[PDB]
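structure of the sequence below:
(one chain, ligands or ions: 3)
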Amino acid sequence: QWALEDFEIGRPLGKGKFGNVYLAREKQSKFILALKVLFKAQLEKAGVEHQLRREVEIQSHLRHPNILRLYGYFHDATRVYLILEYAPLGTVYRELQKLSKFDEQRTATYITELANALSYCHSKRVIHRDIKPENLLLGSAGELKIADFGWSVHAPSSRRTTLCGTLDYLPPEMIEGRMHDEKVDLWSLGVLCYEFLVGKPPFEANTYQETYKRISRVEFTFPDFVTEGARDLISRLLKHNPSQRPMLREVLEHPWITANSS
Ligand SMILES: Nc1ncnc2c1ncn2[C@@H]1O[C@H](COP(=O)(O)OP(=O)(O)OP(=O)(O)O)[C@@H](O)[C@H]1O
Ligand SMILES: Cc1c(C(=O)O)cc(-c2ccc(Cl)c(C#N)c2)c2cc[nH]c12
Ligand SMILES: [Mg+2]
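Numbers count the residues shown, from 1 in each chain. Ligands and ions are numbered 1, 2, ... in the order given. Structure as follows:
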């Protein structure tokens, strides 16, 4: 049972919609970690308390090199604090902003690390559902770490998340209230893969409705520089029908992955 007096807070690490994340030192052992701070009032106005509950419950029972550890939590009059493993190198979102695109070596390596973590998740029947770049964090060795388990759940599910926030990373089954499973994250791995090579996710549009349309009709094209190996993998992962999508096994053995990862 920890409290806020047990920590020294440093600078801010990020803003999510709900999370205000700060760097922290536990006073006792001098351990460096990150505190995700949530305001009771905004959770309660948005009615996302259940999401928090799932995040805490699911994320604490998971142990994997590529998954952000949740160490503990506690709360006070106005706030809830989650105690998290600190990720020194930022987010992939930021990496991507700095580089525009990633080469195949980097892309394929991130896809591997993702596939591993997902794999471990899925083996526990857990699905992330919110696998955007801003929730992919880098550890000290530049290894990728999955985070923000507020939208995670056990499979299968019907439950809506975002009323309409970013659809960019969501498969059709999801953007349409249908029962969906493990295959959801397979679709997102595809968006990510493509985004990583191109610098834009494949269904981006000026409006929500147009993106929605692009997504459900699976409308995307590749620019010229994208290699057949990549075209191939992205095409297998971005299938309308969830069950036509690869297994995590197949992705890792994919000739383009093995040719390019580390
Ligand atoms: N452990 C961490 N180490 C370093 N930076 C972090 C960490 N956690 C979060 N950040 C930074 O803060 C941002 C917001 O955090 P997070 O994604 O957990 O919040 P959220 O998006 O509000 O969560 P949720 O969708 O569950 O409500 C991250 O995208 C990243 O910029
Ligand atoms: C009113 C209130 C209380 C309470 O006073 O009892 C507690 C919480 C809450 C929710 C999740 C976690 Cl994990 C923790 C912790 N630790 C605390 C919340 C959330 C919105 N309102 C709340
Ligand atoms: Mg986030």
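
hey, let's count contacts and neighbours off CA atoms from now on
OK.

how about the residues of the stretch 1-150 of the chain near ligand 1?
For the stretch 1-150 of the chain, the residues found near ligand 1 under the criterion Cα under 6 Å from any ligand atom are 13-19, 21, 34, 84-87, 90, 134-135, 148-150.

where do the helices of the stretch 51-200 of the chain begin and end?
Shown for the stretch 51-200 of the chain, the helices assigned by DSSP state H, counting those that start in this stretch span residues 92-99, 104-123, 172-175, 183-198.

can those go into JSON lines with extra columns for mean neighbour count?
Converted to JSON lines, these look like this (neighbours: other Cα atoms under 10 Å):
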{"stretch": "helix 92-99", "mean neighbour count": "14"}
{"stretch": "helix 104-123", "mean neighbour count": "20"}
{"stretch": "helix 172-175", "mean neighbour count": "20"}
{"stretch": "helix 183-198", "mean neighbour count": "24"}
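
can you map out the strands along the stretch 1-150 of the chain?
Chain-ordered strands for the stretch 1-150 of the chain, with DSSP state E, counting those that start in this stretch as the definition, fall at 7-15, 20-26, 32-39, 70-75, 79-84, 126-127, 136-138, 144-146.

how does this protein divide into domains?
With CATH domains of a matching chain serving as the domain definition, the record reports that the chain contains domains spanning 2-90, 91-261.

tell me the most buried of these?
Ranked by mean neighbour count under mean count of other Cα atoms under 10 Å, the domains of the chain are led by domain 91-261, which reaches a mean of 18.

for the stretch 51-200 of the chain, what lies in contact range of ligand 3?
The stretch 51-200 of the chain has residues residue 135 near ligand 3, with proximity defined as Cα under 5 Å from the ion.
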